[PDB]
Amino acid sequence: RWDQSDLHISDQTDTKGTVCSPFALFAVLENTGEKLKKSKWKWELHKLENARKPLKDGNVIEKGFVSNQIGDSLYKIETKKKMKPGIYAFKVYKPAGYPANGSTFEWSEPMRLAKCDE
């Protein structure tokens, strides 16, 4: 660990079920003691085939660095566009450059966006 090591996704898009929406998804990372100081945390949004299984890598739609300071100790990441129906989640894995080994991934819980006139 180090100064910036404890950014956690403490808040996120609260659809949590079958919701029909055109919306930009977001996740909020709070540094719970270990303040973001050295560099920036790397994130990537995934299209997950299933939300009831342990979320997996391979499908990436959006990605970048957290950066956005929505509060002195609060950071935010969002999708650059309002997306089509599907299952999404944010996969952040510590500061950029850090070898992703030893369970360094933190998933935002899979939020589902639908678009269905049913």
# chains A, B, ... in the order shown; residues from 1 in each chain; ligands from 1

$ residues_around --residues "residue 21 of chain A" --least-positions-apart "4" --cutoff "10 Å" --atoms "only C-alpha atoms" --output "PyMOL selection string"
chain A and resi 15+82-85+112-116

$ residues_around --residues "residue 89 of chain A" --least-positions-apart "5" --cutoff "6 Å" --atoms "only C-alpha atoms" --output "list in words"
residues 45, 46, 108 and 110 of chain A

$ closest_residue --among "A:5, A:32, A:18, A:13" --to "residue 86 of chain A" --atoms "only C-alpha atoms"
A:18

$ residues_around --residues "residue 105 of chain A" --least-positions-apart "5" --cutoff "7 Å" --atoms "only C-alpha atoms" --output "list in words"
residues 91, 92 and 93 of chain A

$ atom_distance --atom1 "atom CA of residue 38 of chain A" --atom2 "atom CA of residue 63 of chain A"
19.6 Å

$ atom_distance --atom1 "atom CA of residue 17 of chain A" --atom2 "atom CA of residue 67 of chain A"
28.7 Å

$ decode --residues "segment 85-103 of chain A" --atoms "N, CA, C and O atoms" --output "PDB file, in the first residue's frame"
ATOM      1  N   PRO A  85     -29.328  -0.298 -23.669  1.00  0.00           N
ATOM      2  CA  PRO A  85     -29.653  -1.353 -22.701  1.00  0.00           C
ATOM      3  C   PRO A  85     -28.540  -2.392 -22.541  1.00  0.00           C
ATOM      4  O   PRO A  85     -27.862  -2.755 -23.506  1.00  0.00           O
ATOM      5  N   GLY A  86     -28.360  -2.856 -21.312  1.00  0.00           N
ATOM      6  CA  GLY A  86     -27.385  -3.885 -21.030  1.00  0.00           C
ATOM      7  C   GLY A  86     -26.972  -3.887 -19.574  1.00  0.00           C
ATOM      8  O   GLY A  86     -27.495  -3.105 -18.775  1.00  0.00           O
ATOM      9  N   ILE A  87     -26.041  -4.760 -19.223  1.00  0.00           N
ATOM     10  CA  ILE A  87     -25.540  -4.834 -17.857  1.00  0.00           C
ATOM     11  C   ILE A  87     -24.152  -4.220 -17.792  1.00  0.00           C
ATOM     12  O   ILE A  87     -23.264  -4.609 -18.552  1.00  0.00           O
ATOM     13  N   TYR A  88     -23.958  -3.264 -16.901  1.00  0.00           N
ATOM     14  CA  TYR A  88     -22.684  -2.564 -16.822  1.00  0.00           C
ATOM     15  C   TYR A  88     -22.141  -2.566 -15.404  1.00  0.00           C
ATOM     16  O   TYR A  88     -22.887  -2.748 -14.443  1.00  0.00           O
ATOM     17  N   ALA A  89     -20.836  -2.374 -15.295  1.00  0.00           N
ATOM     18  CA  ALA A  89     -20.169  -2.229 -14.012  1.00  0.00           C
ATOM     19  C   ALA A  89     -18.808  -1.577 -14.208  1.00  0.00           C
ATOM     20  O   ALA A  89     -18.217  -1.671 -15.288  1.00  0.00           O
ATOM     21  N   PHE A  90     -18.322  -0.911 -13.175  1.00  0.00           N
ATOM     22  CA  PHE A  90     -17.023  -0.255 -13.232  1.00  0.00           C
ATOM     23  C   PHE A  90     -15.964  -1.130 -12.583  1.00  0.00           C
ATOM     24  O   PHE A  90     -16.125  -1.566 -11.443  1.00  0.00           O
ATOM     25  N   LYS A  91     -14.894  -1.394 -13.313  1.00  0.00           N
ATOM     26  CA  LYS A  91     -13.792  -2.183 -12.790  1.00  0.00           C
ATOM     27  C   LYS A  91     -12.588  -1.291 -12.551  1.00  0.00           C
ATOM     28  O   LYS A  91     -11.846  -0.976 -13.483  1.00  0.00           O
ATOM     29  N   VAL A  92     -12.408  -0.865 -11.316  1.00  0.00           N
ATOM     30  CA  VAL A  92     -11.237  -0.088 -10.963  1.00  0.00           C
ATOM     31  C   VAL A  92     -10.219  -1.020 -10.317  1.00  0.00           C
ATOM     32  O   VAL A  92     -10.585  -1.894  -9.529  1.00  0.00           O
ATOM     33  N   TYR A  93      -8.958  -0.893 -10.690  1.00  0.00           N
ATOM     34  CA  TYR A  93      -7.938  -1.751 -10.117  1.00  0.00           C
ATOM     35  C   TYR A  93      -6.706  -0.964  -9.711  1.00  0.00           C
ATOM     36  O   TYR A  93      -5.644  -1.069 -10.327  1.00  0.00           O
ATOM     37  N   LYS A  94      -6.882  -0.169  -8.654  1.00  0.00           N
ATOM     38  CA  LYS A  94      -5.788   0.544  -7.999  1.00  0.00           C
ATOM     39  C   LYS A  94      -5.191   1.614  -8.939  1.00  0.00           C
ATOM     40  O   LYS A  94      -5.700   1.813 -10.046  1.00  0.00           O
ATOM     41  N   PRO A  95      -4.145   2.356  -8.512  1.00  0.00           N
ATOM     42  CA  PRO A  95      -3.502   3.371  -9.363  1.00  0.00           C
ATOM     43  C   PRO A  95      -2.956   2.775 -10.657  1.00  0.00           C
ATOM     44  O   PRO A  95      -2.506   1.625 -10.685  1.00  0.00           O
ATOM     45  N   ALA A  96      -3.008   3.560 -11.725  1.00  0.00           N
ATOM     46  CA  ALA A  96      -2.514   3.120 -13.024  1.00  0.00           C
ATOM     47  C   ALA A  96      -1.042   2.734 -12.947  1.00  0.00           C
ATOM     48  O   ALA A  96      -0.228   3.471 -12.386  1.00  0.00           O
ATOM     49  N   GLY A  97      -0.702   1.580 -13.502  1.00  0.00           N
ATOM     50  CA  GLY A  97       0.671   1.119 -13.471  1.00  0.00           C
ATOM     51  C   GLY A  97       0.879  -0.001 -12.475  1.00  0.00           C
ATOM     52  O   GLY A  97       1.845  -0.758 -12.576  1.00  0.00           O
ATOM     53  N   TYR A  98      -0.027  -0.107 -11.513  1.00  0.00           N
ATOM     54  CA  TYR A  98       0.059  -1.135 -10.490  1.00  0.00           C
ATOM     55  C   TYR A  98      -0.330  -2.491 -11.077  1.00  0.00           C
ATOM     56  O   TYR A  98      -1.421  -2.638 -11.632  1.00  0.00           O
ATOM     57  N   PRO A  99       0.569  -3.490 -10.999  1.00  0.00           N
ATOM     58  CA  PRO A  99       0.293  -4.845 -11.489  1.00  0.00           C
ATOM     59  C   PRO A  99      -0.980  -5.430 -10.880  1.00  0.00           C
ATOM     60  O   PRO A  99      -1.098  -5.553  -9.658  1.00  0.00           O
ATOM     61  N   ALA A 100      -1.926  -5.796 -11.738  1.00  0.00           N
ATOM     62  CA  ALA A 100      -3.213  -6.312 -11.298  1.00  0.00           C
ATOM     63  C   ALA A 100      -3.105  -7.779 -10.899  1.00  0.00           C
ATOM     64  O   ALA A 100      -3.560  -8.673 -11.617  1.00  0.00           O
ATOM     65  N   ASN A 101      -2.506  -8.016  -9.743  1.00  0.00           N
ATOM     66  CA  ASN A 101      -2.330  -9.361  -9.222  1.00  0.00           C
ATOM     67  C   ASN A 101      -2.519  -9.354  -7.713  1.00  0.00           C
ATOM     68  O   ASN A 101      -2.052  -8.443  -7.027  1.00  0.00           O
ATOM     69  N   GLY A 102      -3.220 -10.355  -7.204  1.00  0.00           N
ATOM     70  CA  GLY A 102      -3.504 -10.414  -5.784  1.00  0.00           C
ATOM     71  C   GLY A 102      -4.853  -9.810  -5.451  1.00  0.00           C
ATOM     72  O   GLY A 102      -5.027  -9.216  -4.388  1.00  0.00           O
ATOM     73  N   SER A 103      -5.799  -9.954  -6.381  1.00  0.00           N
ATOM     74  CA  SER A 103      -7.156  -9.438  -6.213  1.00  0.00           C
ATOM     75  C   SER A 103      -7.149  -7.926  -6.001  1.00  0.00           C
ATOM     76  O   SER A 103      -7.583  -7.422  -4.963  1.00  0.00           O
TER      77      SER A 103
END
